[PDB]
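Chemist: These protein sequence lines are chains B, A, A' and B', in that order. A prime marks a further copy of an entry chain. Residue 10 in PDB author numbering sits at position 8 of the first sequence, with consecutive numbering throughout. Residue 3 in PDB author numbering sits at position 1 of the second sequence, with consecutive numbering throughout. Residue 8 in PDB author numbering sits at position 6 of the third sequence, with consecutive numbering throughout. Residue 21 in PDB author numbering sits at position 19 of the fourth sequence, with consecutive numbering throughout.
4 protein chains.
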Amino acid sequence: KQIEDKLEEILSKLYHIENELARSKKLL
Amino acid sequence: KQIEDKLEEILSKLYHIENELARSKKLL
Amino acid sequence: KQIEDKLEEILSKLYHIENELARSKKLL
Amino acid sequence: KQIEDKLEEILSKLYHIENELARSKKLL
Numbered sequence: 003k004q005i006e007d008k009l010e011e012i013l014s015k016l017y018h019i020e021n022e023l024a025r026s027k028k029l030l
Numbered sequence: 003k004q005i006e007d008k009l010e011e012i013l014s015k016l017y018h019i020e021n022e023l024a025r026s027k028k029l030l
Numbered sequence: 003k004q005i006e007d008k009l010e011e012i013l014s015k016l017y018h019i020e021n022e023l024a025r026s027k028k029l030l
Numbered sequence: 003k004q005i006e007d008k009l010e011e012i013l014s015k016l017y018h019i020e021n022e023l024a025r026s027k028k029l030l
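Structure, rendered in structure tokens:
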């Protein structure tokens with residue numbers, strides 16, 4: 003549970019990296 | 003079960019980011 | 003203990019990638 | 003242990019994303 007929580011946080015960071023990468027792509 | 007699911011989502015996000023960056027590289 | 007360590011390395015890698023992409027954005 | 007292993011794999015993917023990002027930076 004401590005672990006699953008940190009996993010969820012991890013995955014939210016990867017969704018935020020995905021956003022950054024979609025943005026740089028749309029701008030081009 | 004939940005943890006495993008999250009681990010697999012995480013990894014699969016990492017494969018996508020990796021391939022989006024390699025694709026980017028290539029068009030540039 | 004090991005797991006926690008790895009979780010913290012992982013998260014900290016994600017913060018760095020996020021900030022390297024935001025920095026990139028900004029210079030572009 | 004199954005978990006720590008997958009964490010190690012996760013982190014190796016983040017080192018590989020880091021490489022991709024150092025490369026795109028050196029090329030500029």
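Built from N, CA and C at the ideal position, the CB exists for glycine as well.
If you draw a straight line from the C-alpha of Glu-6 of chain A' to the C-alpha of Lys-27 of chain B', how long is it?
Modeler: Residue numbering aside, residue 6 of chain A' sits at position 4 when the third sequence is read from its first letter. Residue numbering aside, residue 27 of chain B' sits at position 25 when the fourth sequence is read from its first letter. Their Cα atoms are separated by approximately 31 Å.
Chemist: Output, in sequence order along the chain, the residues in the region 8-20 of chain A whose CB is closer than 9 Å to any CB in chain B.
Modeler: Residues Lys-8, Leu-9, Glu-11, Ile-12, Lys-15, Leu-16, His-18 and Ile-19.
Chemist: Taking 8 Å as the threshold (beta carbon to beta carbon), is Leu-29 of chain B' in contact with chain A'?
Modeler: In the fourth sequence, counting from the first residue as 1, residue 29 of chain B' sits at position 27. Not an interface residue.
Chemist: Along chain C, in chain order, which residues have C-beta atoms closer than 8 Å to that of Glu-22 of chain B?
Modeler: The chain labelled as chain C is not found among the protein chains of the depicted structure, namely B, A, A' and B'.
Chemist: Check the C-beta distance from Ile-19 of chain B' over to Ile-19 of chain A' and give it rounded, since I have them as a contact under 8 Å.
Modeler: Working through the fourth sequence from its first residue, we reach residue 19 of chain B' at position 17. Working through the third sequence from its first residue, we reach residue 19 of chain A' at position 17. Yes, they are in contact, since the Cβ atoms of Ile-19 of chain B' and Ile-19 of chain A' sit about 6 Å apart, within 8 Å.
Chemist: Answer with buried or exposed for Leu-9 of chain B, where buried requires no fewer than 16 other C-beta atoms within 10 angstroms of its C-beta.
Modeler: In the first sequence, counting from the first residue as 1, residue 9 of chain B sits at position 7. When all chains shown are included, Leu-9 of chain B counts as buried.
Chemist: I need the straight-line Cα distance from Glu-22 of chain B' to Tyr-17 of chain B, nearest angstrom please.
Modeler: Locating residue 22 of chain B' in the fourth sequence gives position 20, counting from the first residue. Locating residue 17 of chain B in the first sequence gives position 15, counting from the first residue. So the two alpha carbons sit approximately 18 Å from each other.
Chemist: DSSP on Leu-13 of chain B, reduced to helix/strand/coil?
Modeler: In the first sequence, residue 13 of chain B corresponds to position 11, counting from 1. Here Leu-13 of chain B sits in helix by DSSP.
Chemist: Can you grab the Cα-Cα spacing for the pair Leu-30 of chain A / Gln-4 of chain A, in whole Å?
Modeler: Within the second sequence, residue 30 of chain A is the residue found at index 28, counting from 1. Within the second sequence, residue 4 of chain A is the residue found at index 2, counting from 1. Cα to Cα, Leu-30 of chain A sits roughly 39 Å from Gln-4 of chain A.
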